[PDB]
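The chain below stands alone and is given as structure tokens, in the form deposited in one PDB entry.
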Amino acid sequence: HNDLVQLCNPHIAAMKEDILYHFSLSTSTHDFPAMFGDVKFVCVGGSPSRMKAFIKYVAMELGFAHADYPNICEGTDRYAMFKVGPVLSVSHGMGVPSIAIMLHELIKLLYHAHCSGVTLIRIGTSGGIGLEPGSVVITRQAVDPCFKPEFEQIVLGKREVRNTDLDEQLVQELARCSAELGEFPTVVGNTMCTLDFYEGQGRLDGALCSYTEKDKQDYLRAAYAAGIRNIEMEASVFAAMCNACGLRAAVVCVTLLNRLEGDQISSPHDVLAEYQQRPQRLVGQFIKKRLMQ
């Protein structure tokens, strides 16, 4: 049995209208069950254009192809959203707080639509550590910049922490799907999630930087030693919030560069757009496989 989507906030049951402000959707103007009740896979990534390309790429592989793919979030540009069959594709921008909003309103949408048996997957990009550019990483543990699998949030002035473990079973399943493809290297490892892309990640090419290359290396290698294989900016909340709500979730990012050799993203554009299809492809394999049982 596929369990219903639950919230962890008793206030929503008691609201006469629930306005999903950043989606430009509302219970009083939209029928959630009719629009989303059949959704089973939610896919989320930073760029809206990427997540559109995804809903197109994926429609083709389940034979939905032809067609136009309307943005469900018309009347807003905070987030883009697309649906095809049981697959929802939603952008989330960059950074913990941007994705945190998307998730808050997303989960509520699933709860309103009365969805059940949903899987959430982040298809992102990252920087790798001691991996060839182009490798995809399936996250076991989202980790903070001190390598603790914790996510910290300040509520009413007090610090609260939730665990950022990702469903073990799903990472092993994803592992298998990538192999069925045999198209690109894929490892599982821990993902370090930061709040800054430059100083936040040992980079030497920001506007500010009070440290040396030798300092960047020491830090980055220490991270690798702790089981860390890539670096991005959303894995923590994603893990934390899904766990908080009992949702099955996973994170699949391609690395765009090996950080032990550089900071700047200087691959030909043609190569970087290939890199970014890898996670879409992998997740493509996962959904197709799942819809055959």
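Only residues modelled in both forms are compared. Numbers follow the displayed sequence, beginning with 1. Take the two forms, superpose them, and find the largest set of C-alpha atoms that agree within 1.5 Å; that set is the rigid core.
Here the subject shifts to the form deposited in another entry, a form of this protein not shown in this document.
Large C-alpha shift between the shown form and the other one, rigid core held fixed: of 152, 132, 77, 180, this applies to 77 alone, with a displacement of 2 Å or more. Residue 29: CA moves less than 2 Å between the shown form and the other one after rigid-core fitting. If you fit the rigid core between the shown form and the other one, you'll see the Cα of residue 225 move by less than 2 angstroms.
After superposition on the rigid core, displacement of the C-alpha of residue 268 between the shown form and the other one amounts to 2 Å or more.
Relative to the shown form, the CA atoms of residue 46 and residue 75 are brought 3 Å or more closer together in that other deposited form. Core aligned; runs of 3 or more residues with all CA shifts at 2 Å or more between the shown form and the other one: 75-77, 264-271, in sequence order.
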